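Before any questions on binding or motion, here is one chain by itself as structure tokens, the form deposited in one PDB entry.
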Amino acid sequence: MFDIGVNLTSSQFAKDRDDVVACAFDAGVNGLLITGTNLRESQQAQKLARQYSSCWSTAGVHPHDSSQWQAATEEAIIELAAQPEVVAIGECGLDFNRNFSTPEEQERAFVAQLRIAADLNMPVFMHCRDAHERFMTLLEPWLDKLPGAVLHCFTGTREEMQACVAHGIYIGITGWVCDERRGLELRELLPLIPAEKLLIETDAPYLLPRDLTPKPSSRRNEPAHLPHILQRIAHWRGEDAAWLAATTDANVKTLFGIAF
């Protein structure tokens, strides 16, 4: 039961972070991957990972902040990646919907990170929004030199999903699928994702599962809700939850090279 997408540096967790973490482990979660989205967040993510047991982090620059990418940024990321806690380069990718940085700025930062990851032999943690065609064109030639790649918070079409899977890319699924309103579309394709390419996450504090029975709705999501998300996904795939938990943990071990 590993959460590959915890935004643990969020201010929403400022007052009770020690509690959020202890409750996650007590609920059966055995590992958290803390997302870094720019240099300062990545440094904070690594410090949090070193502070708590069973935590690792990513180091990179999100397309939104790619405008901040400079040569000095590159050095700082390489240095951060050498730390034991940092196991993946990213969040990186492309976002042609928001365009908070120009496409030109985005491509430069994304390619520079693919390059860092290939050099260091580390997997990449990616984001893609309304940029699938260009995204795959830039990513495709780097895959044979990377240990792996995951596209987290995947909400795309089955055609995009099949293309990603055909290239050996892991697919991250959140509680988004527990929303009768927006997630039915993704829910329908869950049976199509190869078991060996599926990773689960909460994207906490966001995306609180709507079908959450306890009913603490319209609130902060947290990793302690991962088991509920996994039960649901297993149900929609026809699988046993304990079996799915073991299979996804194996995928995490395979992709990131960690013991948890």
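In case it trips you up, residue 1 is the first one in the sequence shown, and so on. Each form is matched to the other, and the largest set of C-alpha atoms that superpose within 1.5 Å is called the rigid core. Shifts are known only where both forms have a C-alpha.
Per the entry, higher mean C-alpha B factor between 209-217 and 24-32: Higher mean C-alpha B-factor in the PDB entry: 209-217.
231-239 or 64-72, whichever carries the higher mean Cα B-factor: Taking the mean B-factor of the alpha carbons in each, 64-72 is higher.
Candidate residues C128, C178, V87, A149, the one whose C-alpha B factor the record puts highest: Within the set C128, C178, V87, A149, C178 shows the top C-alpha B-factor.
Residue with highest C-alpha B-factor in the PDB entry, from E91, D119, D95, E105: When the deposited C-alpha B-factors of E91, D119, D95, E105 are compared, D119 is largest.
B-factor third for the C-alpha atom of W142 within its chain: CA B-factor rank for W142: highest third.
Chain thirds of CA B-factor: placement of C153: Lowest third of the chain for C153's C-alpha B-factor.
Third of chain Cα B-factors occupied by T9: Middle third - that is where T9 ends up once the chain's C-alpha B-factors are sorted.
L190 - Cα temperature factor, lowest/middle/highest third of chain: Its C-alpha B-factor, which the entry lists for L190, ranks in the middle third among residues of this chain.
Chain-wide C-alpha B factor ranking for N99, given as lowest, middle or highest third: Middle third of the chain for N99's C-alpha B-factor.
Omitted from view is the form deposited in another entry, to which the following refers.
Displaced residue check between this form and the one not shown: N30, CA, 2 Å or over, core reference: Stays below the 2 Å threshold, so no.
C-alpha of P216 off by 2 Å or more between this form and the one not shown on rigid core: After core superposition, the C-alpha of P216 moves 2 Å or more between this form and the one not shown.
Closer or farther in the other entry: C-alpha pair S217, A242 (3 angstroms or more): Residues separate in the other entry, at least 3 Å farther apart.
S218 and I233, C-alpha gap in the other entry relative to this structure (3 Å or more): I233 and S218 sit farther apart in the other entry.
Runs in sequence order between this form and the one not shown, three or more residues long, with CA shifts of 2 Å or more on the rigid core: CA shift runs, sequence order: 97-99, 213-218.
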